[PDB]
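Q: Before we start, here is the structure in question, set down as structure tokens.
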Amino acid sequence: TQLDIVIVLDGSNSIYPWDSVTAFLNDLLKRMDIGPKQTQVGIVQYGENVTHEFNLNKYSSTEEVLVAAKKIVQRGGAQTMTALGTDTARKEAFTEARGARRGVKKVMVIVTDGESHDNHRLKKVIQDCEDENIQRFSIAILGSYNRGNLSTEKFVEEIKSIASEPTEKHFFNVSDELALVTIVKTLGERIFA
Ligand SMILES: [Mg+2]
């Protein structure tokens, strides 16, 4: 079965350098066969609000997706609304109106480097994602936290709660931005296999 993939990117300013995120997107995407009858990719960026960078059916080829992924700019933000960004991907990104197809497996990839301001909604948002059979891969970047000498225990536990089970398979603990690209092959093959 094919796959509708929606990448949800935290765009907060603490994430640096943005080139690491786009390099991560490029590497993950270039090894996919994007098409209306193949894999479809949609990308959403969130900070304090949410923005659909491009819908699931916006681009019909891998080359096109790559071009669009490289153009994504960091929108910034002072408070991380992960619940909002995730719920929106479920509510809007994954809709026929934006390209989502029938009889296709839905996959969400969440990338963030901080604890969410609306973490009180995560329980509900996630459960709704589960009821809709959306497989979730969450990635926590401990870069800004470590550099700020902040405790990452709760943060890791929170992003982990977003991941689908097993968990050790859907959750990725990334030490820093430059290390993002090192999970591409594993994540890549897991999204599919
Ligand atoms: Mg942040």
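Residue numbers in this text run from 1 along the chain shown.
Every residue gets a Cβ built from N, Cα and C, even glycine.
According to Swiss-Prot, the protein has these features:
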CARBOHYD  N49  N-linked glycosylation site
CARBOHYD  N149  N-linked glycosylation site
CARBOHYD  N173  N-linked glycosylation site
Q: Which residues does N149 (N-linked glycosylation site) neighbour through Cβ under 8 Å, counting only same-chain ones at least six apart?
A: none
Q: Using DSSP and three states only, what is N173 (N-linked glycosylation site)?
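A: DSSP assigns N173 (N-linked glycosylation site) to strand.
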Q: Rounded to the nearest angstrom, how far is the Cα of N49 (N-linked glycosylation site) from the Cα of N173 (N-linked glycosylation site)?
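A: Roughly 25 Å, rounded to the nearest whole number.
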Q: Sequence gap of 6 or more, Cβ distance under 8 Å: name the residues on the same chain that satisfy this around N49 (N-linked glycosylation site), in order along the sequence.
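A: Correct list: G77, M81, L84.
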Q: Give the number of CB atoms, excluding that of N173 (N-linked glycosylation site) itself, located within 10 Å of its CB.
A: 15
